[PDB]
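**Q** Got a structure for you, questions after.
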Amino acid sequence: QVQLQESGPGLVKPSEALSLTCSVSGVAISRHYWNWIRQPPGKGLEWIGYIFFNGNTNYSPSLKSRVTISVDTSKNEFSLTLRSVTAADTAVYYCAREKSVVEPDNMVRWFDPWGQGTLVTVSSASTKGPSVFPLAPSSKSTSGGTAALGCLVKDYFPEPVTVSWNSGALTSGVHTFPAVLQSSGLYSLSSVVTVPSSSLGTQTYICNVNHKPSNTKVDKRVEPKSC
Amino acid sequence: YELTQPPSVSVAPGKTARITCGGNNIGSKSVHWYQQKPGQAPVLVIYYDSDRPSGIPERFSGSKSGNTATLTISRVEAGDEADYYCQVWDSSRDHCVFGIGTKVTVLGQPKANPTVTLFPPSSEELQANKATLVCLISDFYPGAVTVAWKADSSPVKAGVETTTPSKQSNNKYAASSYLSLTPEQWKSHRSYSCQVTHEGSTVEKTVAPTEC
């Protein structure tokens with residue numbers, strides 16, 4: 001199937017250049033127009049521009065002066081460069097495949113599918129990868145048939161961290177909370193999963209923490225606590 | 001060129017919700033709709049005015065008029081709470097244009113009283129000379145909650161951070177609160193507690209340094 005996956009730096013210092021790449025699976029770049037959109041946190045979708053492998057491009061009026069979109073067919077990828085960033089450029093950046101039909105004298109163009117988005121934070125502060133600690137199940141985090149267990153993901157910057165359990169094999173009963181922003185300017189969050197209390201003596205639980213801004217991955221075992 | 005939408009649409013469960021999109025004589029162009037649920041990418045939900053992509057429920061339908069384009073959701077589910085965005089292309093300037101977006105909330109879901117889970121500092125974190133109590137509040141509705149922490153039945157305000165509630169996969173809400181402490185402070189009281197107030201009633205959990 002057709003999948004798109006953005007990759008970015010996470011953090012970008014003011015006045016420097018943002019560079020992103022979108023890797024395309026399941027179709028050749030040459031077969032479609034490709035677009036970049038962005039979304040500031042709390043706000044709406046803003047188109048950036050499009051490209052076609054023969055060189056055609058058009059960019060948003062607001063951003064035309066600072067944007068370059070390019071294409072790499074030999075890696076089935078397209079890319080975005082946005083120079084001279086300011087805080088107004090902090091946003092989730094999405095790539096998307098353009099679908100289009102030829103209707104006379106007009107343009108009918110829509111997006112299907114979108115990538116997952118990647119958060120870009122414009123900041124002078126420095127990157128910091130998280131510290132991860134277990135939230136162990138005990139005789140007091142139980143509710144009869146089930147127990148809650150979790151991982152605490154502390155003091156990272158910038159957002160985001162994502163968490164999976166048992167390499168994605170464990171999805172039922174998972175909730176990853178939003179981050180808190182501490183007085184120190186660092187974020188922390190927790191992910192919890194509820195599992196059978198029966199299982200605790202004989203099943204392994206691992207939280208997979210991903211902090212792409214720091215190129216860090218932590219796989220933390222969460223074991224019953226033994227006093 | 002500009003695309004206007006209502007900032008929000010409220011609707012009761014099972015009722016029909018209608019999200020409308022007005023633009024420069026839209027009716028000349030073609031309107032597309034995207035669903036964006038909290039924390040996720042947009043997904044296409046209607047395209048070419050009224051077409052449903054493969055995989056979208058029939059209860060999503062798109063219509064148009066003269067100055068307005070409409071997205072209709074019959075038998076609205078709490079699971080359809082989302083922001084919806086209309087979209088067209090401007091063929092003269094060669095620009096894509098989005099609406100400002102409409103946040104749909106379904107109100108009058110069943111009340112759910114919160115479960116509270118309180119984790120003490122892990123020995124691993126205490127061994128790194130830090131201590132964090134973690135109070136997770138889940139499976140509640142409506143969303144408004146307040147959290148208060150106590151050490152030995154005396155209020156604590158320093159070192160507390162609390163998230164605003166967010167939907168879980170259940171469509172019920174969840175929230176979290178942290179109490180940061182030194183290991184010494186953790187061991188110096190007999191107990192700590194996290195009390196959650198929801199819809200005028202409270203649920204409190206207690207942990208003690210001396211129970212494992």
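Residues in the structure tokens are numbered from 1 in each chain, the chains being A, B, ... in the order shown, and ligands are numbered from 1 in the order shown.
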Using only C-alpha atoms, which residues sit within 12 Å of residue 62 in chain A once same-chain residues fewer than 3 positions away are excluded, as a PyMOL selection string?

**A** (chain A and resi 46-49+58-59+65-67+82+88-89) or (chain B and resi 95)

**Q** Could those residues be written to a file, using N, CA and C atoms, as a PDB file, in the first residue's frame?

**A**
```pdb
ATOM      1  N   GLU A  46      -2.089  24.696   6.776  1.00  0.00           N
ATOM      2  CA  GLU A  46      -1.549  25.710   5.875  1.00  0.00           C
ATOM      3  C   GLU A  46      -0.745  25.001   4.805  1.00  0.00           C
ATOM      4  N   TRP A  47      -1.198  25.049   3.558  1.00  0.00           N
ATOM      5  CA  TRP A  47      -0.428  24.470   2.473  1.00  0.00           C
ATOM      6  C   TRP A  47       0.873  25.212   2.280  1.00  0.00           C
ATOM      7  N   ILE A  48       1.913  24.474   1.932  1.00  0.00           N
ATOM      8  CA  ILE A  48       3.233  25.010   1.661  1.00  0.00           C
ATOM      9  C   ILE A  48       3.552  25.032   0.169  1.00  0.00           C
ATOM     10  N   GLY A  49       3.473  23.878  -0.498  1.00  0.00           N
ATOM     11  CA  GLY A  49       3.723  23.829  -1.924  1.00  0.00           C
ATOM     12  C   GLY A  49       3.638  22.422  -2.446  1.00  0.00           C
ATOM     13  N   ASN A  58       4.966  24.985  -7.262  1.00  0.00           N
ATOM     14  CA  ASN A  58       4.383  26.243  -6.835  1.00  0.00           C
ATOM     15  C   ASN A  58       4.316  26.186  -5.322  1.00  0.00           C
ATOM     16  N   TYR A  59       4.603  27.317  -4.691  1.00  0.00           N
ATOM     17  CA  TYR A  59       4.679  27.487  -3.259  1.00  0.00           C
ATOM     18  C   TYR A  59       3.629  28.492  -2.782  1.00  0.00           C
ATOM     19  N   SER A  65       9.201  32.860  -0.818  1.00  0.00           N
ATOM     20  CA  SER A  65      10.550  33.406  -0.812  1.00  0.00           C
ATOM     21  C   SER A  65      11.520  32.532  -0.061  1.00  0.00           C
ATOM     22  N   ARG A  66      11.031  31.661   0.832  1.00  0.00           N
ATOM     23  CA  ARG A  66      11.914  30.943   1.755  1.00  0.00           C
ATOM     24  C   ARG A  66      11.921  29.441   1.538  1.00  0.00           C
ATOM     25  N   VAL A  67      11.102  28.932   0.614  1.00  0.00           N
ATOM     26  CA  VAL A  67      10.872  27.505   0.439  1.00  0.00           C
ATOM     27  C   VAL A  67      11.566  26.970  -0.796  1.00  0.00           C
ATOM     28  N   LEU A  82      13.322  25.129   4.258  1.00  0.00           N
ATOM     29  CA  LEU A  82      12.645  26.367   4.637  1.00  0.00           C
ATOM     30  C   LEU A  82      13.724  27.179   5.336  1.00  0.00           C
ATOM     31  N   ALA A  88       7.436  31.427  14.330  1.00  0.00           N
ATOM     32  CA  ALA A  88       6.191  31.232  13.584  1.00  0.00           C
ATOM     33  C   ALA A  88       6.206  29.952  12.733  1.00  0.00           C
ATOM     34  N   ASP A  89       7.350  29.352  12.572  1.00  0.00           N
ATOM     35  CA  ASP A  89       7.505  28.163  11.773  1.00  0.00           C
ATOM     36  C   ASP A  89       7.489  26.887  12.610  1.00  0.00           C
TER      37      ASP A  89
ATOM     38  N   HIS B  95      -3.147  27.655  -6.134  1.00  0.00           N
ATOM     39  CA  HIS B  95      -2.922  27.550  -4.691  1.00  0.00           C
ATOM     40  C   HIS B  95      -3.962  26.659  -4.051  1.00  0.00           C
TER      41      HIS B  95
END
```

**Q** Pull out every residue of chain A sitting within 8 Å of chain B, counting only C-alpha atoms, and send them as an MDAnalysis selection string.

**A** chainID A and resid 44:47 58:60 106:117 133:136 141 148 175 177:182 225:227

**Q** Just the residues within 7 Å of residue 95 in chain A, please, counting only C-alpha atoms, with nothing from its chain fewer than 4 positions along; format it as a PyMOL selection string.

**A** chain A and resi 6+22+35-37+114-115

**Q** Mind dumping the selected residues with C-alpha atoms as a PDB file, in the first residue's frame?

**A**
```pdb
ATOM      1  CA  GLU A   6       8.389  12.348   7.108  1.00  0.00           C
ATOM      2  CA  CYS A  22       9.439  12.378   2.926  1.00  0.00           C
ATOM      3  CA  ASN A  35       2.741  18.350  -1.421  1.00  0.00           C
ATOM      4  CA  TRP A  36       3.936  19.735   1.954  1.00  0.00           C
ATOM      5  CA  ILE A  37       1.440  21.117   4.495  1.00  0.00           C
ATOM      6  CA  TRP A 114      -0.996  12.096   4.309  1.00  0.00           C
ATOM      7  CA  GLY A 115       2.121  11.134   6.098  1.00  0.00           C
TER       8      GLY A 115
END
```

**Q** Need to verify the contact set: residue 72 in chain B, 9 Å, only C-alpha atoms, exclusion of same-chain residues closer than 2 positions in sequence. Can you return it as a list in words?

**A**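 Counting only C-alpha atoms, the residues come to residues 16, 17, 18, 19, 20, 59, 60, 61, 62, 63, 70 and 74 of chain B.
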
**Q** Give me a file of those residues, with N, CA and C atoms, as an mmCIF file, in the first residue's frame.

**A**
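For reference, out.cif as written:
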```
data_model
loop_
_atom_site.group_PDB
_atom_site.id
_atom_site.type_symbol
_atom_site.label_atom_id
_atom_site.label_comp_id
_atom_site.auth_asym_id
_atom_site.auth_seq_id
_atom_site.Cartn_x
_atom_site.Cartn_y
_atom_site.Cartn_z
ATOM 1 N N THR B 16 -27.705 14.008 14.157
ATOM 2 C CA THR B 16 -26.926 14.341 12.963
ATOM 3 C C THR B 16 -26.169 15.661 13.146
ATOM 4 N N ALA B 17 -24.895 15.661 12.766
ATOM 5 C CA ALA B 17 -24.059 16.851 12.783
ATOM 6 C C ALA B 17 -23.804 17.339 11.355
ATOM 7 N N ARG B 18 -23.802 18.665 11.184
ATOM 8 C CA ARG B 18 -23.602 19.314 9.890
ATOM 9 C C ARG B 18 -22.527 20.383 10.022
ATOM 10 N N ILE B 19 -21.509 20.273 9.192
ATOM 11 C CA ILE B 19 -20.375 21.189 9.195
ATOM 12 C C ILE B 19 -20.391 21.856 7.832
ATOM 13 N N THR B 20 -20.423 23.179 7.830
ATOM 14 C CA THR B 20 -20.621 23.938 6.610
ATOM 15 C C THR B 20 -19.394 24.804 6.321
ATOM 16 N N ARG B 59 -22.300 7.026 6.830
ATOM 17 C CA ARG B 59 -22.891 8.127 7.588
ATOM 18 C C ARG B 59 -22.165 9.445 7.363
ATOM 19 N N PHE B 60 -21.001 9.417 6.706
ATOM 20 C CA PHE B 60 -20.301 10.614 6.231
ATOM 21 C C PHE B 60 -20.763 10.884 4.804
ATOM 22 N N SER B 61 -21.353 12.064 4.592
ATOM 23 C CA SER B 61 -21.830 12.460 3.277
ATOM 24 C C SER B 61 -21.537 13.938 3.054
ATOM 25 N N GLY B 62 -21.220 14.255 1.804
ATOM 26 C CA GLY B 62 -20.915 15.621 1.451
ATOM 27 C C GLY B 62 -21.882 16.193 0.446
ATOM 28 N N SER B 63 -22.335 17.417 0.697
ATOM 29 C CA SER B 63 -23.274 18.102 -0.177
ATOM 30 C C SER B 63 -22.778 19.515 -0.453
ATOM 31 N N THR B 70 -21.193 21.394 2.458
ATOM 32 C CA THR B 70 -21.595 20.805 3.723
ATOM 33 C C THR B 70 -21.066 19.382 3.856
ATOM 34 N N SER B 74 -24.408 11.467 9.992
ATOM 35 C CA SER B 74 -25.580 10.883 10.628
ATOM 36 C C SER B 74 -25.163 9.986 11.778
#
```

**Q** Closest to residue 11 in chain A among A:122, A:137, A:142, A:191, using only C-alpha atoms?

**A**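 Nearest candidate to residue 11 in chain A out of A:122, A:137, A:142, A:191: A:122.
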
**Q** Considering only C-alpha atoms, state which residue in the set A:183, A:215, A:21, A:81 is at the smallest distance from residue 94 in chain A.

**A**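 Checking each candidate against residue 94 in chain A, we get A:21 as the closest.
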
**Q** Near residue 114 in chain B, counting only C-alpha atoms, which residues have an atom at most 12 Å away, once you skip same-chain residues fewer than 6 positions from it, shown as a PyMOL selection string?

**A** chain B and resi 135-147+165+172-176+195-199+201-205

**Q** So that I can check the surroundings of residue 15 in chain A, please list as a VMD selection string every protein, DNA and RNA residue that reaches within 7 Å of it, counting only C-alpha atoms and ignoring chain neighbours fewer than 2 positions away.

**A** chain A and resid 13 17 84 to 86

**Q** Would you save the residues from that selection as an mmCIF file, in the first residue's frame, using C-alpha atoms?

**A**
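Saved the output as part_0.cif:
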```cif
data_model
loop_
_atom_site.group_PDB
_atom_site.id
_atom_site.type_symbol
_atom_site.label_atom_id
_atom_site.label_comp_id
_atom_site.auth_asym_id
_atom_site.auth_seq_id
_atom_site.Cartn_x
_atom_site.Cartn_y
_atom_site.Cartn_z
ATOM 1 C CA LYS A 13 17.679 27.244 15.827
ATOM 2 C CA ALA A 17 17.239 26.348 7.792
ATOM 3 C CA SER A 84 15.527 31.583 8.039
ATOM 4 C CA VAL A 85 13.075 30.087 10.466
ATOM 5 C CA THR A 86 11.441 31.969 13.314
#
```

**Q** Which residue gives the smallest distance to residue 152 in chain B among B:73, B:183, B:127, B:194, with only C-alpha atoms counted?

**A**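 Under the stated criterion, the closest residue is B:194.
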
**Q** Just list as a VMD selection string whatever in range 24-116 of chain B DSSP marks as strand (DSSP E).

**A** chain B and resid 32 to 36 43 to 46 60 to 64 68 to 73 82 to 90 95 to 98 102 to 106 115 to 116
